[PDB]
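This report refers to the structure that appears directly beneath it.
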Amino acid sequence: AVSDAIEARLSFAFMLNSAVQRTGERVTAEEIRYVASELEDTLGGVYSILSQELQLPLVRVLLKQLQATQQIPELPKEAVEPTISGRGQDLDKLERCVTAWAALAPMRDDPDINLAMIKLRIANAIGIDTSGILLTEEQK
Amino acid sequence: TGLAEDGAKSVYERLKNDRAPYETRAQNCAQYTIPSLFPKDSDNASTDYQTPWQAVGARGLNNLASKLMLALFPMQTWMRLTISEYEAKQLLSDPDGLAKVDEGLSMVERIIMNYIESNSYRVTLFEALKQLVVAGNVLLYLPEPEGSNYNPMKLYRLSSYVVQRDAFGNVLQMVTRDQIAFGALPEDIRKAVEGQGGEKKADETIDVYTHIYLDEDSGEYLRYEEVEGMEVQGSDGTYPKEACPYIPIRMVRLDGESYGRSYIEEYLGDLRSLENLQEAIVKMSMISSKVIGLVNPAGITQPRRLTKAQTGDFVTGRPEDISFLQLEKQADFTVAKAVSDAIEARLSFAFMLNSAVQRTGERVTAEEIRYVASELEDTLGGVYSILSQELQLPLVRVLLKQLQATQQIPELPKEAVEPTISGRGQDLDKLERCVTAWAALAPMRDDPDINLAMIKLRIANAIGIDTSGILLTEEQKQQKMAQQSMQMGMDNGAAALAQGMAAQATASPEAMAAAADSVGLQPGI
Amino acid sequence: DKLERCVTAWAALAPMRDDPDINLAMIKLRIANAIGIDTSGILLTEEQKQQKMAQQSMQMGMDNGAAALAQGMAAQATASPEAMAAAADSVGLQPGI
Amino acid sequence: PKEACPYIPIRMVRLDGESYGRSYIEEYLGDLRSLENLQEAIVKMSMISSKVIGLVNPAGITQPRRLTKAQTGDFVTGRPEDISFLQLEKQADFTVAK
Amino acid sequence: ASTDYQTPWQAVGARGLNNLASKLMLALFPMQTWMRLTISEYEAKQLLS
Amino acid sequence: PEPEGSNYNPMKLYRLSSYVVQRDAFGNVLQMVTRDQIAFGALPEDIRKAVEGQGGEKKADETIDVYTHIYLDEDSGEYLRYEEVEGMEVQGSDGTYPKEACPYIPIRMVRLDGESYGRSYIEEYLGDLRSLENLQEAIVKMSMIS
């Protein structure tokens, strides 16, 4: 029972799930295992040092070595990189503002609501940038 | 000159005798949770860090530093720039220019998030939040960019800095201690060390101090670096009171002491008792682990035959002579276990981990009932609430200044300020809610009685969305009524002459051959 | 909530837009009286409709009107083909098409 | 003015006509005072439990001069009923205070 | 060769290493586009139409 | 390594028994030394001219301790990198690696200042595994008397 208690408190320190080495006795079901996200958050503390130490210098070397062998276009001295765990933010913020604009679909005949402005407000609330976002003055 | 306070190497030494209360707390306080996080710093390689007998402090720290990082600093736009709305109405012609200003404020709040993520500020803040749990009291320095290259920020975890503040909240003076080696020194400092005299090894370290004292007769800070010499002559920086690159962070604030406490010293006594149980349960299993064969010496069984026998030999003796020395404490192992399962139960709510394995458990507690996990979010909401003032606002007010000087940001016109909203948020949900209320008015587009022009204003008044880009104004519709007509004018018009020209372009077939020559077609068809 | 509740009660009156007996002009006032929403921006007043009846007509006036002369001009702008070359010169087009 | 002053004193539960206010958790501070006195005793009962004393029956055979110096699996002289361990009692008392 | 490596009596460290090295590899380095290049957006507006 | 073409180009690692770095109490690296043991037939072409240039014939399979040295430069912020043999250099040596882009990057599990190397993650539970093996050693041995 001590060895089953030490394995229990190493199995959270490592990113394996709670498993065989008890009675177990799950009945713990079914939406309750969203506490497996607690293992992802504990995993999120592990590699967080390592993304600076490995994950950024591996790109900054390859951004230089591919310029010298001409396998990459010479990017003009002003682009830098995050290791986003990957867009991501460009996709979800575009996917969310579509569904908000899709709710404005039964308002295409309403004479009062400024639908030209509400589509800009949602584009302002959600942090999508602008100016490729709407038809400009001439443009129609 | 004398510079009105002297000397900066002795300001560090007078006030090093004030860290020693907090420092010897944190050396005790990291000993119980995770000893690699805050060393005693009379520590080298090797001094191996023995793991504590309990592993709740190691669990409940990473599970609390990450849940602060996930809550303070989400991946999206955790700051936003509020312009003062009434002073924005005065200086501007309504209403299109107002949201055009908020696009410039949505411009800046994305560039900072593209500056924070692209300089690994997420890393050194998570190293800051682990120090803020164990010890509190970290200042992290945000250096000047000097280009669009890679620019991290260095932190100092209370064994490398000294601050002195008032009983009042403001900081008087800060001293930071570097140990930069001689080959790795900056260029202006090497001229000062050689200017002091004597050659140096390439790897010899140098105690490089700074001194960030509050100025005599002016509210700004003065900042000078030093070596064993007096200054370095690249020193003097006029840091204002509200924007200084050295900001000392503080877990739970206590007045009027100079530093702050830590969060996990508020349970460090309880971990101290929970290790003393978990030290005893493990040691009771080690007496258990030893296998002693107690032979009854008033018996027959000599183990001269018990050892040398084979797999299945028939041996002389009685089974009741050979008994084994077993660990007792059946009714005592359960006393020390049920208390240790009760202390871990009341530390697992103090830390933001969920109720878990360390019981029978025995959930049947299902399925909508676990909305009481929001009680952990609310207890988490009390933890960082001090820290949003201490870290989360000065980190923006520095970056709003440093990006103006390097021209990576537009000079925002002296009137925009920022909350750290946990992120709109309020601009999205209040817009999303008034759409669904206006969507219920859709079967009333033909009702002759209800003033739908007013109800859409009332919901825009009840929900606090602002107004005046919200509705079509007085003129605003004769333009709109023309655009449906100019559409049908251009549509029916372009369909008229195209049926009009091409019908009479090809009739009495000599005209058909003449019409093909205008395009340039010869007689093919 | 008091605005959101009176919408759903008025939404139940939607299949009664053709009933010749029920005073729907009054029931919408009674629900606005029962639920404590205030009044007087709540309903179209006396005048208030001859303006509104004109806007459906001025829409169909501008719509049928702009569709009339655009079919009206462009049909007679290009007939007896010398007029077609004269019509293209008014825009500024030479003889390309 | 009387209605707009930048110094406003806040007050948990109001009591007249004393100058200050009380607090909410002093209305249960007596009960916490009794609940710590239990939880102080349950933990201290686990600490007598934590100590592992080997009571050797001195009218027996087992001398622990052989029990300590023995290896992993040695055969040693003695009876198992001489070696008992001083364990914390209070089985039916730990449940009262719990 | 030879020095044969005796397996430890416990097999949690052998379990909890491969189950942690792979879950770092699956989280640090997914199969899709784990880096991206941010251009400085305001300096991109200045140098471009 | 450098590509030198679009052919197959892996990357070699060194698991702390084949390299040495030295860094400051500050975070930056001062000097790195990597130790290879490339055999004589498997050496690169410029190095074989240096080993033969040292003198004496070699076996086809004899190993050679080939060192590099990636020290931070005097009076310039870039790194200097030279390979060596038992001789002084190899005359294909000097590389002006900048501070931000060097092909040798030392990785580090949990960072601790100001020691030269980093710790590991599973040494933070290595004491606890040491106690858990001592139980699991005893349970198995109790089943063998059984």
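Protein chains in written order, with the deposited numbering: chain W, 343 to 427, 434 to 488; chain L, 6 to 427, 434 to 536; chain F, 440 to 536; chain A, 245 to 342; chain S, 50 to 98; chain G, 148 to 293.
We put the beta carbon where it would ideally sit given N, CA and C, even for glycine.
Using a Cβ cut-off of 7 Å, pull out every chain L residue sitting near residue i, in sequence order please.
{"i": "G/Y272", "result": "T56"}
{"i": "A/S290", "result": "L282, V340, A341 and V344"}
Going by DSSP in three states, residue i sits in which element: helix, strand or coil?
{"i": "F/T447", "result": "helix"}
{"i": "L/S293", "result": "helix"}
{"i": "L/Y54", "result": "coil"}
{"i": "L/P454", "result": "helix"}
{"i": "L/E231", "result": "strand"}
{"i": "L/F173", "result": "coil"}
{"i": "L/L482", "result": "strand"}
{"i": "residue 432 of chain L", "result": "Along chain L, the last residue before the gap is 427 and the first after it is 434, so residue 432 of chain L carries no coordinates."}
{"i": "L/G317", "result": "coil"}
{"i": "L/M357", "result": "coil"}
Against residue i, what residues of chain S qualify as contacts under a CB-to-CB distance less than 8 Å, listed in chain order?
{"i": "W/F354", "result": "Near W/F354 there are no residues of chain S at all, since even the closest Cβ is about 10 Å away, more than 8 Å."}
{"i": "L/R115", "result": "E90"}
At the level of alpha carbons, what is the spacing between residue i and residue j?
{"i": "W/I476", "j": "W/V446", "result": "11 Å"}
{"i": "G/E236", "j": "G/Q178", "result": "17 Å"}
{"i": "S/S89", "j": "G/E225", "result": "26 Å"}
{"i": "L/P253", "j": "L/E270", "result": "19 Å"}
{"i": "W/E486", "j": "L/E382", "result": "51 Å"}
{"i": "L/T306", "j": "L/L332", "result": "23 Å"}
{"i": "W/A421", "j": "W/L408", "result": "15 Å"}
{"i": "L/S41", "j": "A/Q283", "result": "32 Å"}
{"i": "G/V287", "j": "S/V61", "result": "15 Å"}
{"i": "L/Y27", "j": "L/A140", "result": "8 Å"}
{"i": "L/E122", "j": "A/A336", "result": "60 Å"}
{"i": "L/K14", "j": "L/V403", "result": "27 Å"}
Counting only beta-carbon separations shorter than 8 Å, does residue i have a partner in chain G?
{"i": "L/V138", "result": "no"}
{"i": "S/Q81", "result": "no"}
{"i": "L/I474", "result": "no"}
{"i": "W/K419", "result": "no"}
{"i": "W/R402", "result": "yes"}
What residues from chain C crowd round residue i, counting only those whose CB sits closer than 7 Å?
{"i": "G/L160", "result": "Annotation note: the requested chain C is absent from the structure, which comprises protein chains W, L, F, A, S and G."}
Name the chain W residues that come within less than 7 Å of residue i, Cβ to Cβ?
{"i": "residue 114 of chain G", "result": "This structure cannot settle anything about residue 114 of chain G, because the visible part of chain G is limited to 148 through 293."}
{"i": "G/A248", "result": "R402, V403 and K406"}
With a cut-off of 8 Å, does the C-beta of residue i fall near any C-beta of chain L?
{"i": "F/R456", "result": "yes"}
{"i": "F/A448", "result": "no"}
{"i": "G/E225", "result": "no"}
{"i": "A/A303", "result": "no"}
{"i": "F/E443", "result": "yes"}
Give the residues of chain F in contact with residue i, contact being defined as C-beta atoms less than 8 Å apart.
{"i": "L/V530", "result": "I536"}
Under 8 Å Cβ-Cβ, which residues of chain L neighbour residue i?
{"i": "A/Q335", "result": "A336"}
{"i": "G/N175", "result": "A189"}
Between residue i and residue j, how many whole angstroms is the CB-CB distance? I'm expecting something under 8 Å.
{"i": "F/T517", "j": "L/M512", "result": "4 Å"}
{"i": "F/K467", "j": "L/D440", "result": "About 30 Å separates the two Cβ atoms, so there is no contact after all."}
{"i": "L/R469", "j": "F/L442", "result": "6 Å"}
{"i": "L/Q363", "j": "L/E373", "result": "With 8 Å as the limit, L/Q363 and L/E373 do not qualify as a contact, their Cβ atoms being about 24 Å apart."}
Are the C-beta atoms of residue i and some chain W residue less than 8 Å apart?
{"i": "L/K72", "result": "yes"}
{"i": "S/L69", "result": "yes"}
Would you say residue i faces chain S, with C-beta separation under 8 Å as the test?
{"i": "L/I414", "result": "yes"}
{"i": "G/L279", "result": "yes"}
Give the residues of chain W in contact with residue i, contact being defined as C-beta atoms less than 8 Å apart.
{"i": "L/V369", "result": "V369"}
Just checking: is the beta-carbon of residue i within a distance shorter than 8 Å of some beta-carbon in chain F?
{"i": "L/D460", "result": "yes"}
{"i": "L/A410", "result": "no"}
Kindly list, in the order they appear in chain G, the residues whose Cβ is closer than 7 Å to that of residue i.
{"i": "W/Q407", "result": "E149 and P150"}
Listing by chain order, which chain W residues have their CB less than 9 Å from the CB of residue i?
{"i": "L/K94", "result": "Near L/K94 there are no residues of chain W at all, since even the closest Cβ is about 17 Å away, more than 9 Å."}
Along chain G, in chain order, which residues have C-beta atoms closer than 9 Å to that of residue i?
{"i": "W/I391", "result": "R255, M256, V257, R258 and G265"}
{"i": "L/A60", "result": "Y272 and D275"}
For residue i, which residues in chain S fall below 7 Å Cβ to Cβ?
{"i": "G/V287", "result": "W58"}
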